[PDB]
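What follows is a single structure, and I will ask about it in a moment.
Bear in mind these aren't lab numbers, they're just calculated from the coordinates by the rules spelled out. Using ideal geometry, Cβ is built from the backbone for each residue, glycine included, and neighbour counts are taken over all protein chains shown.
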Amino acid sequence: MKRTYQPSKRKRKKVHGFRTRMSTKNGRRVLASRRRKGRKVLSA
Amino acid sequence: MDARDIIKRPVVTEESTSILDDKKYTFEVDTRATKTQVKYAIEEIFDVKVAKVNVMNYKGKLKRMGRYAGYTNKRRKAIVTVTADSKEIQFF
Amino acid sequence: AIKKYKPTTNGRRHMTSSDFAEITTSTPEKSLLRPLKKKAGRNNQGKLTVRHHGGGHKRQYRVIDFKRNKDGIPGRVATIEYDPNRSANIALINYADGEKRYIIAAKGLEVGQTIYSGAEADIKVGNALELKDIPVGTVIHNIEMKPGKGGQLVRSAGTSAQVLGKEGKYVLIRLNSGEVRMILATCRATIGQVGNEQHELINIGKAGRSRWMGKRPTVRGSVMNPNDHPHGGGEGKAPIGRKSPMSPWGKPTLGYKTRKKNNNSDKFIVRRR
RNA sequence: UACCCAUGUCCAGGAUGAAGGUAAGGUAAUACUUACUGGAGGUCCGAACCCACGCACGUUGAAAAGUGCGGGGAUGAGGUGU
RNA sequence: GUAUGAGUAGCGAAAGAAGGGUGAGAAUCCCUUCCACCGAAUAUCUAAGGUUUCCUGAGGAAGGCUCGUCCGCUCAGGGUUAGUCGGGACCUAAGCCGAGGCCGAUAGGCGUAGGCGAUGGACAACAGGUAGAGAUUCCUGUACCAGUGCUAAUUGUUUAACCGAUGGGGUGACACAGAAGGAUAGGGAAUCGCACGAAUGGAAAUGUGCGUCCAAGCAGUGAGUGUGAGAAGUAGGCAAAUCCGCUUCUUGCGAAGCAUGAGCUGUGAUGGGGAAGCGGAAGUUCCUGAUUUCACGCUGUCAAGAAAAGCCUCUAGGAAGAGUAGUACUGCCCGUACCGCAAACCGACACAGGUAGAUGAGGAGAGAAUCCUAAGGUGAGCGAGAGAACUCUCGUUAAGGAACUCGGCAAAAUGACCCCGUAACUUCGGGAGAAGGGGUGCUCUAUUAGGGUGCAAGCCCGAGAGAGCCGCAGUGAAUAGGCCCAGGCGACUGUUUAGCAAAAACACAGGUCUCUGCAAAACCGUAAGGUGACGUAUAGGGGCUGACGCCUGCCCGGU
Ligand SMILES: [Mg+2]
Ligand SMILES: [Mg+2]
Ligand SMILES: [Mg+2]
Ligand SMILES: [Mg+2]
Ligand SMILES: [Mg+2]
Ligand SMILES: [Mg+2]
Ligand SMILES: [Mg+2]
Ligand SMILES: [Mg+2]
Ligand SMILES: [Mg+2]
Ligand SMILES: [Mg+2]
Ligand SMILES: [Mg+2]
Ligand SMILES: [Mg+2]
Ligand SMILES: [Mg+2]
Ligand SMILES: [Mg+2]
Ligand SMILES: [Mg+2]
Ligand SMILES: [Mg+2]
Ligand SMILES: [Mg+2]
Ligand SMILES: [Mg+2]
Ligand SMILES: [Mg+2]
Ligand SMILES: [Mg+2]
Ligand SMILES: [Mg+2]
Ligand SMILES: [Mg+2]
Ligand SMILES: [Mg+2]
Ligand SMILES: [Mg+2]
Ligand SMILES: [Mg+2]
Ligand SMILES: [Mg+2]
Ligand SMILES: [Mg+2]
Ligand SMILES: [Mg+2]
Ligand SMILES: [Mg+2]
Ligand SMILES: [Mg+2]
Ligand SMILES: [Mg+2]
Ligand SMILES: [Mg+2]
Ligand SMILES: [Mg+2]
Ligand SMILES: [Mg+2]
Ligand SMILES: [Mg+2]
Ligand SMILES: [Mg+2]
Ligand SMILES: [Mg+2]
Ligand SMILES: [Mg+2]
Ligand SMILES: [Mg+2]
Ligand SMILES: [Mg+2]
Ligand SMILES: [Mg+2]
Ligand SMILES: [Mg+2]
Ligand SMILES: [Mg+2]
Ligand SMILES: [Mg+2]
Ligand SMILES: [Mg+2]
Ligand SMILES: [Mg+2]
Ligand SMILES: [Mg+2]
Ligand SMILES: [Mg+2]
Ligand SMILES: [Mg+2]
Ligand SMILES: [Mg+2]
Ligand SMILES: [Mg+2]
Ligand SMILES: [Mg+2]
Ligand SMILES: [Mg+2]
Ligand SMILES: [Mg+2]
Ligand SMILES: [Mg+2]
Ligand SMILES: [Mg+2]
Ligand SMILES: [Mg+2]
Ligand SMILES: [Mg+2]
Ligand SMILES: [Mg+2]
Ligand SMILES: [Mg+2]
Ligand SMILES: [Mg+2]
Ligand SMILES: [Mg+2]
Ligand SMILES: [Mg+2]
Ligand SMILES: [Mg+2]
Ligand SMILES: [Mg+2]
């Protein structure tokens, strides 16, 4: 039938975007730990 | 920017040169230049009278050269048409 | 009266409804309307705190005058019309100033009457006075508890109270539930009974007519699981295998009194219901 | 996916004929009877749409739940987009 | 890393054939003819999503379930043009953030002013052309919206032209169902124009084929739909108001006047498009007719059907400049390529699955059903040849007709329109399409009896009867209820274990018990803050029973 992933440009940025991570204390911890690994892309 | 900073270089192709006789000139402009700045930049450099400007944005093409993937520069292309009672620009 | 439907369909077999013979107009006053949005029993935090709510016809709020502060200015009953937000009907009043306000329609109120409020008002159905100057034995409604707040105690359709006596600073009132209560003598009240007394006799008749009013289905606790309700579990049908029937949160539900035992307002209640 | 909120949108055709109204009759006046009108309903038959009752086949599948022939609802406690 | 199974299973719904061409090499690439498939789609647009997959020139290592000279693959160059389209510089809903502020071991939670936020509101452009790739964007023609400067006249200067709110008021502004109309799109016949005029018995005309037009804007008109007029006075609209609201008098009515209003006519048109043989003739009359528009307009019902901006108006205020006409100039940012029921989106795949919306023709037909076709699009990325067992999907069967089997499971049978006729029981509505029967084709009466349309010409709709004619068979194909008797359960419509159980289970309208006097009880949270409820005992929460009919007995020692 229909599958679990239904793409949407707006829905992706509003949940996983950079400004969403920067608005919470625990979202800034995700960016801090992703910078520690030196990951190419932070957030979505 | 300056007049020489807004405008970078002309575009010389089959489509670009097929409209030179129509008094339409194709340029590559700065990515952050508005349609009005391009109008006054042309009149400062070539001293022609400008009638219209049409702009469009181009993305970068994904290119490969062996195990390496990247993109070319994104472009901003402007087409300038001049009034009939004005001089011409010699791409030559 | 009460309209009755022929048994044309199984869902129309037992329905009864009002005929709205007392409703004068079908358009509300545009300047006294406010939007309402359904909460569906959802909390400040988006949680479902009250069950069996949500999903009916959409409505709009009518600004209704409960304080009735406009003293000395006559007001004519212009229309009697329908309010979806309450059981009783409402009436539009054109005051002599040119300004319009909504009140609850009392029993025996019809278009063309004149309604007063204040100390000099007469004891007629629809007028509003302070309790200090209303004769003993009259039937009133829209009683308020704090002076200047607005009508609060008797407000449903067909309900009414009665004045029993005076105790100086206070006035005895027998509320609609049969409770005798002391009310401050400076508070206000409106004369008469609320006028839609046929509202009790409506037979809904359909499962889906309850859904138009915003009432989602209710599930008995005996057909749940042991982790859902104290009554859940058991092979086959099971009785209430406990000392007393209990609410979904513990706290026995049959006969158990839940009024606070050290409540301040307990000295103003002469006798309980 | 479950429930809810705000704002949009979809449901080919056909059938039946509730309340009410009008005319003739009928009465002291009403009940009531007959014709025409009217267009109600979690009404009926049935496509799109939603669903999943039977069987067969697939079962290192076309498919980590499907297809084929029949089947239920189809103006509502309806389906569906953002 | 490499074997065995093994050159074995598979190669993913479907109709292809031949003749030319290219090439080292052709079932598979290109062209031509014939044939076949879809056609309320397998056709045309357009959102989301994907990001160059679009075009041209080269290429055949790998990918393509075979082949390849080919490709959505590789390489190199190109391609997306907006004052008017969609979004921002305009507005707000749900929701989110939130100066001060209220709570809280920290972290933080909540929340006022204020602000973001479309899936909605407001808002000025149409018709053609474009042979590699863009078109309300480029070009041609004709427009509109806002603003600016300049020329010529007009007017006014503080008893003050004119402007006018970030404030008041009106509008914007709204549900569902039903019916009857006006118009138009679409469709169909004659007329007219052009071409042919014929292969095999016949036809030079009651012959055949194709076509039988056109915007926005501007001027006029217009089916209709709403439709009380004037005067006087102001306890109200945070101040004021000549505006709104309220009161009182004169005057009354399918008659006008005011708002809207689909459409029609002239101009736009000395323009554009147009079948044939590069130029281009003709464009009339009638019938039918919407699921589109007038228009939530009218009627009815109860479950009682967003906000703000915008527009108009009123003053508060600002005021020496202001309108008018003509001309010329000015108008920003983002998207625009291509696929888009699909080989380019979500499913690991070039995957028999899923994917919102607008249009969606003809014959027969009530119909978007069914069969065959139009415009348009396709022949499905392995083949040919033999016609064994066995498996799957179909078609017929002599005599019998459930004897099969756990069980008539599966299959077979009924099926459309018109007429006759129809039981027990009943909550009087039903049961009921009960059951059971009869008639359907073609020709002549006959451009019917009669209707719709029109001034007439004419054009559509078509029941009864008679006479006949032909088959085994006349809704001659596809599509279209099998029925009856009796009992258990559940009153009914509805819901349920995505992926083993659709039910006698849940729900339901109704009944009863019990709590709750409002800072209500109950519930979430440490609290603040909330739902309950912008409600008030005819209201709200909890337990049990489950339409309707007749009823619901005894025990208070134990808990
Ligand atoms: Mg979310
Ligand atoms: Mg990421
Ligand atoms: Mg652009
Ligand atoms: Mg409840
Ligand atoms: Mg229940
Ligand atoms: Mg259970
Ligand atoms: Mg327990
Ligand atoms: Mg138990
Ligand atoms: Mg048991
Ligand atoms: Mg409880
Ligand atoms: Mg209904
Ligand atoms: Mg139904
Ligand atoms: Mg769907
Ligand atoms: Mg289900
Ligand atoms: Mg079906
Ligand atoms: Mg099926
Ligand atoms: Mg059925
Ligand atoms: Mg073997
Ligand atoms: Mg073998
Ligand atoms: Mg294949
Ligand atoms: Mg996109
Ligand atoms: Mg290509
Ligand atoms: Mg290959
Ligand atoms: Mg070669
Ligand atoms: Mg090639
Ligand atoms: Mg390529
Ligand atoms: Mg233009
Ligand atoms: Mg816009
Ligand atoms: Mg703060
Ligand atoms: Mg907050
Ligand atoms: Mg706000
Ligand atoms: Mg915004
Ligand atoms: Mg929008
Ligand atoms: Mg516009
Ligand atoms: Mg194209
Ligand atoms: Mg409104
Ligand atoms: Mg026509
Ligand atoms: Mg005033
Ligand atoms: Mg015109
Ligand atoms: Mg209405
Ligand atoms: Mg395009
Ligand atoms: Mg393939
Ligand atoms: Mg596919
Ligand atoms: Mg449609
Ligand atoms: Mg058709
Ligand atoms: Mg037809
Ligand atoms: Mg149709
Ligand atoms: Mg066919
Ligand atoms: Mg046989
Ligand atoms: Mg036989
Ligand atoms: Mg038998
Ligand atoms: Mg046997
Ligand atoms: Mg047997
Ligand atoms: Mg069977
Ligand atoms: Mg029967
Ligand atoms: Mg015979
Ligand atoms: Mg049942
Ligand atoms: Mg299951
Ligand atoms: Mg099942
Ligand atoms: Mg509290
Ligand atoms: Mg509250
Ligand atoms: Mg039970
Ligand atoms: Mg008992
Ligand atoms: Mg005891
Ligand atoms: Mg005792």
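Specify which residue in the list B:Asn54, B:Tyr71, B:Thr36 is farthest towards the positive end of the charge dipole of chain B, using unit charges on the beta carbon of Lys, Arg (+1) and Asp, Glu (-1), about the Cα centre.
B:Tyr71
Okay, moving on. Can you work out the base-10 log of I(q)/I(0) for the protein assembly as shown at q = 0.13 1/Å, using the Debye formula on its C-alpha atoms alone?
Listed by q, the Debye log ratios stand at -1.28.
Then there's this: For chain C, give the magnitude of the charge dipole about the Cα centre (Cβ charges: +1 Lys/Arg, -1 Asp/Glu; no others), in debye to the nearest 20.
Here the size comes out at about 1640 debye.
Segment C:147-168 to segment C:80-134: how many Å between their Cα centroids?
Answer, in whole Å: 15.
Also, quick follow-up: Which of the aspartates and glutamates could a cross-linker span from C:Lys67 if the Cα-Cα distance has to be under 15 Å and same-chain partners fewer than 8 positions apart are dropped?
Partners within reach: C:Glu130, C:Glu144.
What is the Rg over Rh value, at two decimals, for segment C:161-225, using alpha-carbon atoms and the Kirkwood definition of Rh?
For segment C:161-225, the value is 1.24.
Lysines within cross-link reach of B:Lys63: Cα-Cα under 24 Å, excluding same-chain residues under 8 positions apart?
In chain and number order, the partners are A:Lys40, B:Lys8, B:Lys74, B:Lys77.
Can you tell me what the convex hull of the Cα atoms of segment C:146-273 projects to on average, as an area in nm²?
Computed as one quarter of the Cα hull surface, the answer is 12.6 nm².
Two decimals is fine: what's Rg over Rh for segment A:2-43, C-alpha atoms, Kirkwood radius as Rh? Before the final figure, lay out the partial values.
On the way: Rg = 12.3 Å, Rh = 11.5 Å.
Across segment A:2-43, the Cα-based Rg/Rh ratio is 1.08.
Given the peptides C:127-134, C:60-67, arrange them by the average over their residues of other C-beta atoms within 10 Å, most packed first.
C:127-134, C:60-67
Once amide H atoms are placed 1.01 Å from N in the peptide plane, what residues at a sequence separation of 5 or more from C:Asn94, or on another chain, have their amide H within under 5 Å of its amide H?
Residues meeting the amide H criterion: C:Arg76, C:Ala78.
Return the loop-located trypsin sites (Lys or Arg not before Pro) in segment C:1-54 (DSSP other than H, G, I, E, B) with at most 16 other Cβ atoms within 10 Å of their own Cβ; answer none if there are none.
Those satisfying the criteria are C:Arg13, C:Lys37, C:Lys38, C:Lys39, C:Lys47, C:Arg51.
Leaving out same-chain residues fewer than 8 places away, which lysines sit with a Cα under 18 Å from that of C:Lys3?
C:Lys206
Mind jotting down the distance between the C-alpha centroids of segment C:1-68 and segment C:201-273, whole Å?
Here the two parts' Cα centres lie 24 Å apart.
Which whole-number value in Å³ per residue fits the convex hull of the alpha carbons of chain B?
Measuring per residue, one finds 111 Å³ for the Cα hull of chain B.
Any of C:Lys58/C:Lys100; A:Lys25/B:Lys61; A:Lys9/A:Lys37; C:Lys58/C:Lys257; C:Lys39/C:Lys237 with alpha carbons more than 30 Å apart? Name them for me.
Going by Cα-Cα distance, A:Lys25/B:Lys61; C:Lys58/C:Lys257; C:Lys39/C:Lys237 fall outside the 30 Å limit.
Under a point-charge model restricted to the Cβ atoms of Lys and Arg (+1) and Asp and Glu (-1), what is the dipole moment magnitude of segment C:117-273 relative to its Cα centre, in debye to the nearest 20? Spell out each step's value before the answer.
Values: 28 positive and 12 negative charges, 158 e Å.
My answer is approximately 760 debye.
Please go through segment B:23-74 and write out the trypsin sites (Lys or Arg not before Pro) that DSSP classes as loop and that have at most 16 other C-beta atoms within 10 Å.
When the trypsin sites (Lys or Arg not before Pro) of segment B:23-74 are filtered for loop state and at most 16 Cβ neighbours within 10 Å, B:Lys23, B:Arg32, B:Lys49, B:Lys59, B:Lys61, B:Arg67, B:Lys74 remain.
For chain B, what is the calculated [θ] at 222 nm in deg cm²/dmol (nearest 500), taking -39500 (n - 2.57) for each run of four or more DSSP H residues and dividing by its residue count?
Details: 3 runs with 19 residues, N = 92.
Mean residue ellipticity at 222 nm (helix-derived): -5000 deg cm²/dmol.
So for chain C, what percent of the C-alpha to C-alpha distances run longer than 23 Å?
Details: 24523 of 37128 pairs.
Beyond 23 Å sits 66 percent of the P(r) for chain C.
Hey, another quick one. Suppose every K and R has +1 on its Cβ and every D and E has -1 on its Cβ; what is the size of the dipole of the protein assembly as shown about the Cα centre, in Debye to the nearest 20?
Here the protein assembly as shown has a charge dipole of around 3760 debye.
Mind checking which of C:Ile204, C:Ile191, C:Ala106 is farthest towards the positive end of the protein assembly as shown's charge dipole, using Cβ charges of +1 (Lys, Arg) and -1 (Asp, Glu) about the Cα centre?
Positive-most Cα among the choices belongs to C:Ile204.
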